[PDB]
4 protein chains.
Amino acid sequence: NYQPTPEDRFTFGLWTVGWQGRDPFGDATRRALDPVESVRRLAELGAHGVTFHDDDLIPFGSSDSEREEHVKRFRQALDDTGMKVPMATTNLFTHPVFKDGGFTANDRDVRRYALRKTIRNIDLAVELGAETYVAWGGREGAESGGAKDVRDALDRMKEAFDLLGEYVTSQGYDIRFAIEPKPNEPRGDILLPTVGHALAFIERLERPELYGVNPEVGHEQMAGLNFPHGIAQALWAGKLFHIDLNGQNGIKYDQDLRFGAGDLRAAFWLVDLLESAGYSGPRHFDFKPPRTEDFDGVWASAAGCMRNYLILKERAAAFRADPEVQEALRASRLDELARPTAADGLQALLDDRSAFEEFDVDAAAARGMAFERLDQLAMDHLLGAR
Amino acid sequence: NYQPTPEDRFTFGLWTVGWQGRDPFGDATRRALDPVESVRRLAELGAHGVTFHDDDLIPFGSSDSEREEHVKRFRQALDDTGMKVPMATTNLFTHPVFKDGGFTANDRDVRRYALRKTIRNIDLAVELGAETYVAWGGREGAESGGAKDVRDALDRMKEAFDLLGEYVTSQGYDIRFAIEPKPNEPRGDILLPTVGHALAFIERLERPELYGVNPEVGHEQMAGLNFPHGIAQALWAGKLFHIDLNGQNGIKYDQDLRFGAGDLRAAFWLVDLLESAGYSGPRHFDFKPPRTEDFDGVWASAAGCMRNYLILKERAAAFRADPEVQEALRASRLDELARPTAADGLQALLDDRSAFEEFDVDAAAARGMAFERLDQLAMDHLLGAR
Amino acid sequence: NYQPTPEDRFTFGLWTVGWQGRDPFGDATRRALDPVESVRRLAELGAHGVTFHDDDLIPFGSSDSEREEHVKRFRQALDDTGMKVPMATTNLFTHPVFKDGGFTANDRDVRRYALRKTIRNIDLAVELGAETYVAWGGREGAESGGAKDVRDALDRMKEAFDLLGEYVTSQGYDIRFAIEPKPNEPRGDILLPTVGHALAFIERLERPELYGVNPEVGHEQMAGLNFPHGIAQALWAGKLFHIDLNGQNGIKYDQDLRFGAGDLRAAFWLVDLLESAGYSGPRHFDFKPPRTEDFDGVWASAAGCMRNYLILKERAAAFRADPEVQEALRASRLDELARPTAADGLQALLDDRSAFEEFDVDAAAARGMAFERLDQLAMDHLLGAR
Amino acid sequence: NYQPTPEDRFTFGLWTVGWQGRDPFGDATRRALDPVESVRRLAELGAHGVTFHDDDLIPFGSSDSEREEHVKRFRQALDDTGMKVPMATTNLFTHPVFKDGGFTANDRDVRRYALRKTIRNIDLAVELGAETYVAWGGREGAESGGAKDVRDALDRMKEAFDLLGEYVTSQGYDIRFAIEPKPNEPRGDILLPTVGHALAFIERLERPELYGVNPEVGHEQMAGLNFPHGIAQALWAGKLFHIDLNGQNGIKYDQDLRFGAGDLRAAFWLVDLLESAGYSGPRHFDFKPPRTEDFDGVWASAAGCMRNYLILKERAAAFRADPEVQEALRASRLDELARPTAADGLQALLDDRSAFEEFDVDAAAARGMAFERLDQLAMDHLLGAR
Ligand SMILES: O=C[C@H](O)[C@@H](O)[C@H](O)CO
Ligand SMILES: O=C[C@H](O)[C@@H](O)[C@H](O)CO
Ligand SMILES: O=C[C@H](O)[C@@H](O)[C@H](O)CO
Ligand SMILES: O=C[C@H](O)[C@@H](O)[C@H](O)CO
Ligand SMILES: [Mn+2]
Ligand SMILES: [Mn+2]
Ligand SMILES: [Mn+2]
Ligand SMILES: [Mn+2]
Ligand SMILES: [Mn+2]
Ligand SMILES: [Mn+2]
Ligand SMILES: [Mn+2]
Ligand SMILES: [Mn+2]
């Protein structure tokens, strides 16, 4: 009954089930969880692995000695459970030093510090077997117009990512980077606010092949955009390196609900696309169990993330395999969208009278697209009402 | 007193002052304007030129004879006034045949028709001296998830733009293309919804040098994004080929208010950036005088567009030239944002103990950015309260 | 298999299935439907009745003779099918005369005209057996701040509704009014923008008992609000006189999708509430079949409205009847929310040491609410995954 | 030069300039300020008074002894400076016990606790001379649909406010309540989300005369609504008891920028209305100096709040006094909006042929409203460009 196994590739950040519940208006409602306990509990629920920021695993300001100890305990829990660590990232947002950003802070000394803190964590990530390193520039941006010259800030962001690519290349590491967009919060406006802006930026880096995107469901929804459409553009460009799955109720603060909550129809269309395109990376959940819950509620919320992905996978698969759906797709001319407009070439098109001079515009205009019938078949499949 | 002249490069679409006032819930409140009359009235107000869709100038379905007549009258009005035509575009959205799109309609025959209608208008545009040809794919998108496979639609969009580039190259024309994003309306979701998504798409075309963006103030604001930030990214990429100026009150239907209405502070920061970066293209207004107005109100609204740009230009210039502002910019370390993080190189950075091992994080964190004082200087300059 | 019957009380506006597909950027894609044909087709699908604006039934500017003829044909179709007319309303938005509003236009003569046009239609509505008369003030509002003094406009709106109440009272009619809010579109801002603002306004009318609200799903969603919460407040006040059901994808133009599309989880919670509270009015659909469809698509979309309500009714009923859900509701203390806080009275509360002096705040704070488990039970029931 | 004095009635919450800068993603960037220091610094800048939550003044869990000491020091600073305390409120949101709400928590014991904590603070407020007591129910709401039955929660909210009214009446206090709406954050949806919903709720309380609203600029803007329109409805109902002034950039997290930032045109129209209507309550700022600033930046931000109100007051006054504006108001028929539609009565209206039978609809429709010219006069006055 929709039971996950390690083969489903479900992963969770330590900071997700570990969120203590502090919000802008309230204190923590839960005690801190030791990373070793989260690894054990997630493994029991059927997860494949975990991810971390540097500061989630090793407390900020730890001595080299303390650092080694934290790593050793963690590595033991991974060995004990068979859990993997497919991705890691850096915290460049919590400490006060990063109040104006890491890579794009106005202060040059802070920008050099941000790069060194990042490089230290890349080494660790490689040691633990991570294949992807995420960068979320949560403090890169502004609340007022004069505070940041965006052209100069993009020069600084490019400079930072180029240096990181030179580092991994020089070291011979087998790791790629994934930039995660967000439109706002905590800054009034954040740089590279959507998947489009991040894809465009990557094309100006020195070694574009090393970088892709890590889109998050609720971030594109904070700009009112269609998440499945954004993922289709990332897949088309060959840059979907990783993904963050969760839920969000429209344009408001970043909610990070469990996957399946928020926009359920968009969750269905997202699973349909990931499974049809054969995405083979981790299915990572970046969510927060609400602060109303105790520890029992935390694990119920984490289990619900995986259950909803499995129900949606079954329903999308039943939709695509139904002969009545296959017929409706041809009725709506999805087969014709997939054929070239003019494989015959420019000259042939220019010489074709059926394309203009003798094209019957009124007859073509009267043809219904039959999209409502197709969408109701999709609704019936989602609801298990066939 | 803020009087425009042709040297200010202010331009208007025929469809702007020519909007009859039909909305989703109401009939037209104004009679149609002849294009010749709009050219004469705009020239009297101090505009530099006009732009058009094919269908604004030559009524859809016109015979070759009628076509020649419409063009001749128009060319006479331009000669009589000294007005120029710096940009043109195609209507691929009004006729019912385009109900599912032009370049990405599911029906192949419609896609071939859309290309031929476009090519016919490129020839005309060149004849009239246009330097830029805009493409707004207002019907490219969907209301439901199964109706459009986005990967296949992006293949079709790329195919169309590649054919257009082959056409202009083969003809030896001196014209470039500018894609105009919009997130929604009239389709539920439109493809290439923001400037970021359009910039990323251009990088996959066969001759990327031929294509840039035509951002519009109110479109990026329909996704809650910061317009000046989006323009800074387009300038950084070298792709700001043209711009549409107007006003919008937040996330709602596309209002197309006169420039200066809507978000006034964002209008100030936009003018500051265009003038500092030395943008030298047209200052084009894509607006609609509200349907509450008669013809006197139409021309007052058009004049207000140009007046507000001129007031904002004066205030931004006074801001940048004030010694007290120059001092506040250094207080907030804008000068340091413009210097390279590590011109010394990767190895030097790795060997620099002042960047990590001996960096005083607490001292750097305590330094205030002085952004509020800078922003209040900007407020005082905008309001003429210095 | 989810087949509607007249007993389900499903109703449709003539303007819904009759929408020709004209949008702000495009011409009509469908021919006009005769009202008699819509009555017959809806009756075959299992609807209970239809509603109309004056102008949908009798073309604007019709002579008394033509008026009688249109009514007679309509009455014949109702008799032939057994369809009823439970609600009617007035068009005070399409004609150019209403460009600044009907009841709150600045011009006094227009305000008197709007009242007379309304009264003429109340008489007709009563003749046809309507129990509710809706008022949607789509043109009451503004695009700019100086154009409308809102205090004076609310005086004018109150004056209009008071006169309407005096009219129905004097005539001895058995009809009540329902005001329908909308936040924007077609005006930049519309007066009484949400259900809250309309409920508050009703309390200042001379005979408040005669007026309630007609909320619409997508209108409250255009302000990012929770529709089921707004309906619960209207039910609490005893003012849910009628409802408009449809779908909307977030904050954007008014989409009017078929019911069940848009926010599916909010559709589930809405049906749960209407059925639990025993709402007994019509289940009216105010939707537009997308302009991509032909007539076959129109009727498929209308049938889908009713099907989705019936599937959701079954799932909400299965949720409330499940013993495991009843247990989870007690686990989350929904039973305690329904008990008075202090039936003992103020003095007893003040004297109760267990309420303050000896209340163990830490013990109460540690109690989890178990909301995630409850919400996953609701997800499983919606998906038919129990 | 726009220097405030105590006579301008400018007030600030202790929590405003006292915000340490902790956000959902970061630690505090400033040290805590002693309330005595904030009183002294605000008095030097020209403020009239301060406001507080119970927990801002007396640390949660303080003994009666400690409580008396905190109050005494505060009262000394007020006496030393001449500052007043016009409003106070309760913190029912920070402590973990309030995770599901105060007045509407599902747990009955928590609801009784919330009432006692509130009553204790009403006594203190009266002692300090407050005239208004604000209630912001920031935790009253939900993240999921089954967690809260809204009808039962509104019964509980009414019960709480009724008990509070019985308390003040029994004690003979001269204090009134003001409910402050917010649509979301920290809960997914908050109950009474806008000024409309709060006004409607007040009408169902036992002694409605004791309660009004405390609207906040950025809260109504989080729902995309027009703030000046909402304030006009509150003034029309006679319920504008207090106001919170700040700035917000559209639909996103609650920014609490300084007043004048965010939507500057809406700030202009708000000042115009408060000054024209003769609002005589405090001009209270509920803002947060951004976490990028040090203490110098905090006081610059607070001073900017008052400066911007004074500049806007001057510009709105110059607008209303300009003869050319007075003429444009008559051109747009604002004078006619203020006259009754039908002082003649219902029968006279029904008998008036000029209102229907002989009304020339086409002539009335052709009359332009001249709103664009009026709005450009308002723009010129705001910018000091007359
Ligand atoms: O909104 C914050 C984030 O999404 C964060 O969890 C990134 O995924 C990792 O740094
Ligand atoms: O929203 C529609 C448009 O912006 C349009 O005017 C384009 O600029 C030109 O086709
Ligand atoms: O947005 C327009 C409407 O909702 C309209 O159909 C009303 O329900 C009836 O006048
Ligand atoms: O968003 C939080 C608030 O607005 C708060 O400061 C209230 O005004 C006072 O409890
Ligand atoms: Mn997030
Ligand atoms: Mn994330
Ligand atoms: Mn536009
Ligand atoms: Mn445009
Ligand atoms: Mn609607
Ligand atoms: Mn409606
Ligand atoms: Mn706020
Ligand atoms: Mn507030």
# chains A, B, ... in the order shown; residues from 1 in each chain; ligands from 1

$ interface_residues --of "chain D" --to "chain B" --cutoff "9 Å" --atoms "only C-alpha atoms" --output "VMD selection string"
chain D and resid 1 29 to 30 224 249 to 252 260 to 265 289 to 298 300 to 301 304 308 311 365 to 373 375 to 376 379 to 380 382 to 385

$ residues_near_ligand --ligand "ligand 10" --cutoff "9 Å" --atoms "only C-alpha atoms and all ligand atoms" --output "count of residues only"
18

$ residues_around --residues "residue C:137" --least-positions-apart "6" --cutoff "10 Å" --atoms "only C-alpha atoms" --output "list in words"
residues 90, 91, 92, 93, 101, 102, 103, 104, 157, 179, 180, 181, 182, 190, 191, 192 and 193 of chain C

$ write_last_selection --atoms "N, CA, C and O atoms" --output "short mmCIF file (atom, residue, chain, number, x, y, z; two decimals), in the first residue's frame"
data_model
loop_
_atom_site.label_atom_id
_atom_site.label_comp_id
_atom_site.auth_asym_id
_atom_site.auth_seq_id
_atom_site.Cartn_x
_atom_site.Cartn_y
_atom_site.Cartn_z
N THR C 90 -28.90 41.92 -13.06
CA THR C 90 -28.93 43.00 -14.05
C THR C 90 -27.55 43.18 -14.69
O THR C 90 -26.54 43.10 -13.94
N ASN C 91 -27.51 43.52 -15.98
CA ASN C 91 -26.22 43.88 -16.59
C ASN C 91 -26.03 45.41 -16.37
O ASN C 91 -26.67 46.19 -17.13
N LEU C 92 -25.16 45.77 -15.43
CA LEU C 92 -24.80 47.21 -15.26
C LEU C 92 -23.30 47.41 -15.56
O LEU C 92 -22.63 48.20 -14.88
N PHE C 93 -22.84 46.71 -16.59
CA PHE C 93 -21.38 46.79 -16.90
C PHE C 93 -21.02 46.80 -18.34
O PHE C 93 -19.90 47.26 -18.68
N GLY C 101 -19.43 53.16 -13.72
CA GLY C 101 -20.29 52.53 -12.69
C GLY C 101 -21.77 52.70 -13.01
O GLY C 101 -22.15 53.39 -13.95
N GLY C 102 -22.59 52.02 -12.23
CA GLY C 102 -24.07 52.13 -12.30
C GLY C 102 -24.53 52.88 -11.05
O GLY C 102 -24.80 54.08 -11.07
N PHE C 103 -24.59 52.19 -9.91
CA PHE C 103 -25.02 52.83 -8.66
C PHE C 103 -24.11 53.92 -8.10
O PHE C 103 -24.58 54.76 -7.29
N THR C 104 -22.83 53.86 -8.48
CA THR C 104 -21.84 54.85 -7.97
C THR C 104 -21.17 55.63 -9.08
O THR C 104 -20.07 56.24 -8.80
N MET C 157 -24.02 53.95 -2.80
CA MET C 157 -24.33 52.49 -2.91
C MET C 157 -25.42 52.14 -1.89
O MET C 157 -26.35 51.38 -2.21
N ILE C 179 -25.35 40.30 -2.69
CA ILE C 179 -24.28 41.13 -3.29
C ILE C 179 -23.07 40.22 -3.56
O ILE C 179 -22.69 39.46 -2.64
N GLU C 180 -22.54 40.36 -4.76
CA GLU C 180 -21.37 39.51 -5.14
C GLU C 180 -20.10 40.34 -5.18
O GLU C 180 -19.93 41.26 -6.02
N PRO C 181 -19.15 40.03 -4.31
CA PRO C 181 -17.86 40.80 -4.29
C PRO C 181 -16.94 40.31 -5.40
O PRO C 181 -16.90 39.15 -5.85
N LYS C 182 -15.96 41.19 -5.73
CA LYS C 182 -14.83 40.87 -6.66
C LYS C 182 -13.78 41.94 -6.36
O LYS C 182 -14.17 43.12 -6.20
N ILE C 190 -12.21 47.39 -7.29
CA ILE C 190 -13.69 47.44 -7.21
C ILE C 190 -14.13 47.65 -5.75
O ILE C 190 -13.47 47.16 -4.83
N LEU C 191 -15.21 48.42 -5.57
CA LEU C 191 -15.73 48.62 -4.20
C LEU C 191 -16.37 47.34 -3.66
O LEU C 191 -16.92 46.55 -4.44
N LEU C 192 -16.29 47.16 -2.34
CA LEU C 192 -16.73 45.90 -1.63
C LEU C 192 -15.96 44.74 -2.22
O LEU C 192 -16.55 43.79 -2.83
N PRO C 193 -14.64 44.71 -2.07
CA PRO C 193 -13.83 43.77 -2.81
C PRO C 193 -13.83 42.31 -2.39
O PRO C 193 -13.34 41.46 -3.15
#

$ residues_around --residues "residue D:41" --least-positions-apart "4" --cutoff "12 Å" --atoms "only C-alpha atoms" --output "PyMOL selection string"
chain D and resi 12+14+17-18+33-37+45-50+77-78+81+83+295-296+298-300+302-303

$ write_last_selection --atoms "N, CA, C and O atoms" --output "mmCIF file, in the first residue's frame"
data_model
loop_
_atom_site.group_PDB
_atom_site.id
_atom_site.type_symbol
_atom_site.label_atom_id
_atom_site.label_comp_id
_atom_site.auth_asym_id
_atom_site.auth_seq_id
_atom_site.Cartn_x
_atom_site.Cartn_y
_atom_site.Cartn_z
ATOM 1 N N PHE D 12 5.365 55.168 18.148
ATOM 2 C CA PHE D 12 6.133 53.948 17.723
ATOM 3 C C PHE D 12 5.980 52.853 18.768
ATOM 4 O O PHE D 12 6.071 53.121 19.962
ATOM 5 N N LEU D 14 7.444 49.756 20.988
ATOM 6 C CA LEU D 14 8.770 49.391 21.484
ATOM 7 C C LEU D 14 9.438 48.305 20.609
ATOM 8 O O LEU D 14 10.665 48.270 20.480
ATOM 9 N N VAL D 17 11.636 49.891 16.691
ATOM 10 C CA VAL D 17 13.074 50.223 16.787
ATOM 11 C C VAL D 17 13.841 49.198 17.613
ATOM 12 O O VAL D 17 15.075 49.100 17.470
ATOM 13 N N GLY D 18 13.131 48.450 18.467
ATOM 14 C CA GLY D 18 13.721 47.380 19.276
ATOM 15 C C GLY D 18 13.884 46.054 18.573
ATOM 16 O O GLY D 18 14.427 45.099 19.212
ATOM 17 N N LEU D 33 17.528 46.469 22.999
ATOM 18 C CA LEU D 33 17.496 47.877 23.494
ATOM 19 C C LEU D 33 16.645 47.868 24.768
ATOM 20 O O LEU D 33 15.581 47.247 24.824
ATOM 21 N N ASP D 34 17.138 48.660 25.731
ATOM 22 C CA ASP D 34 16.299 48.820 26.978
ATOM 23 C C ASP D 34 15.167 49.800 26.589
ATOM 24 O O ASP D 34 15.463 50.847 26.006
ATOM 25 N N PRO D 35 13.945 49.506 27.006
ATOM 26 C CA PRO D 35 12.779 50.378 26.759
ATOM 27 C C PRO D 35 13.008 51.823 27.168
ATOM 28 O O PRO D 35 12.470 52.746 26.515
ATOM 29 N N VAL D 36 13.764 52.014 28.260
ATOM 30 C CA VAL D 36 14.054 53.411 28.717
ATOM 31 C C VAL D 36 14.861 54.156 27.674
ATOM 32 O O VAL D 36 14.600 55.372 27.422
ATOM 33 N N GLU D 37 15.837 53.505 27.055
ATOM 34 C CA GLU D 37 16.655 54.147 26.022
ATOM 35 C C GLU D 37 15.811 54.490 24.800
ATOM 36 O O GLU D 37 16.008 55.550 24.164
ATOM 37 N N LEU D 45 13.822 62.691 18.793
ATOM 38 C CA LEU D 45 13.494 62.802 17.352
ATOM 39 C C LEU D 45 12.184 63.525 17.106
ATOM 40 O O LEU D 45 11.874 63.787 15.921
ATOM 41 N N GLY D 46 11.404 63.788 18.164
ATOM 42 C CA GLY D 46 10.138 64.514 17.970
ATOM 43 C C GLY D 46 8.896 63.660 18.042
ATOM 44 O O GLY D 46 7.782 64.136 17.737
ATOM 45 N N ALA D 47 9.039 62.398 18.493
ATOM 46 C CA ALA D 47 7.801 61.562 18.641
ATOM 47 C C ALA D 47 6.921 62.059 19.782
ATOM 48 O O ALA D 47 7.432 62.750 20.729
ATOM 49 N N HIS D 48 5.664 61.716 19.796
ATOM 50 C CA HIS D 48 4.657 62.023 20.811
ATOM 51 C C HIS D 48 4.561 60.946 21.870
ATOM 52 O O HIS D 48 4.266 61.212 23.068
ATOM 53 N N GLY D 49 4.737 59.671 21.452
ATOM 54 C CA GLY D 49 4.582 58.574 22.432
ATOM 55 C C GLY D 49 4.999 57.211 21.889
ATOM 56 O O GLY D 49 5.520 57.115 20.780
ATOM 57 N N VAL D 50 4.803 56.230 22.783
ATOM 58 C CA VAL D 50 5.197 54.816 22.452
ATOM 59 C C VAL D 50 4.016 53.903 22.826
ATOM 60 O O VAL D 50 3.156 54.259 23.623
ATOM 61 N N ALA D 77 10.919 57.254 32.852
ATOM 62 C CA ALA D 77 11.341 57.738 31.531
ATOM 63 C C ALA D 77 10.213 58.519 30.890
ATOM 64 O O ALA D 77 10.514 59.541 30.188
ATOM 65 N N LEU D 78 8.962 58.109 31.030
ATOM 66 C CA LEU D 78 7.868 58.899 30.455
ATOM 67 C C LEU D 78 7.795 60.305 31.115
ATOM 68 O O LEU D 78 7.580 61.297 30.415
ATOM 69 N N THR D 81 10.542 62.692 29.934
ATOM 70 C CA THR D 81 10.467 63.162 28.550
ATOM 71 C C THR D 81 9.207 63.803 28.081
ATOM 72 O O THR D 81 9.193 64.471 26.992
ATOM 73 N N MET D 83 6.718 61.954 27.164
ATOM 74 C CA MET D 83 6.102 60.962 26.187
ATOM 75 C C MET D 83 4.827 60.373 26.776
ATOM 76 O O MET D 83 4.723 60.153 27.986
ATOM 77 N N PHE D 295 22.684 50.677 14.851
ATOM 78 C CA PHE D 295 21.859 51.619 15.583
ATOM 79 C C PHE D 295 21.691 52.978 14.951
ATOM 80 O O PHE D 295 20.591 53.560 14.988
ATOM 81 N N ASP D 296 22.684 53.504 14.297
ATOM 82 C CA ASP D 296 22.572 54.787 13.560
ATOM 83 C C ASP D 296 21.483 54.656 12.495
ATOM 84 O O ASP D 296 20.670 55.578 12.301
ATOM 85 N N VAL D 298 18.968 52.469 12.532
ATOM 86 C CA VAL D 298 17.657 52.367 13.201
ATOM 87 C C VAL D 298 17.009 53.773 13.360
ATOM 88 O O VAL D 298 15.844 53.986 13.019
ATOM 89 N N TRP D 299 17.808 54.699 13.940
ATOM 90 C CA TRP D 299 17.211 56.048 14.185
ATOM 91 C C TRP D 299 17.001 56.823 12.902
ATOM 92 O O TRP D 299 16.029 57.627 12.853
ATOM 93 N N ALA D 300 17.809 56.583 11.875
ATOM 94 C CA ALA D 300 17.586 57.257 10.583
ATOM 95 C C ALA D 300 16.267 56.758 9.963
ATOM 96 O O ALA D 300 15.512 57.553 9.381
ATOM 97 N N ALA D 302 13.621 55.470 11.620
ATOM 98 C CA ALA D 302 12.502 56.015 12.407
ATOM 99 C C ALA D 302 12.233 57.476 12.048
ATOM 100 O O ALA D 302 11.075 57.910 11.826
ATOM 101 N N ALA D 303 13.330 58.251 11.910
ATOM 102 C CA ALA D 303 13.139 59.676 11.501
ATOM 103 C C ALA D 303 12.524 59.758 10.125
ATOM 104 O O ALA D 303 11.681 60.668 9.896
#

$ select_by_dssp --residues "stretch 223-357 of chain D" --states "alpha helix (DSSP H)" --output "ChimeraX atom specification"
/D:227-237,264-277,295-321,323-331,334-337,346-351

$ select_by_dssp --residues "stretch 5-231 of chain B" --states "strand (DSSP E or B)" --output "ChimeraX atom specification"
/B:10-13,23,26,49-53,84-89,132-135,141-142,176-179,189-190,211-213,216
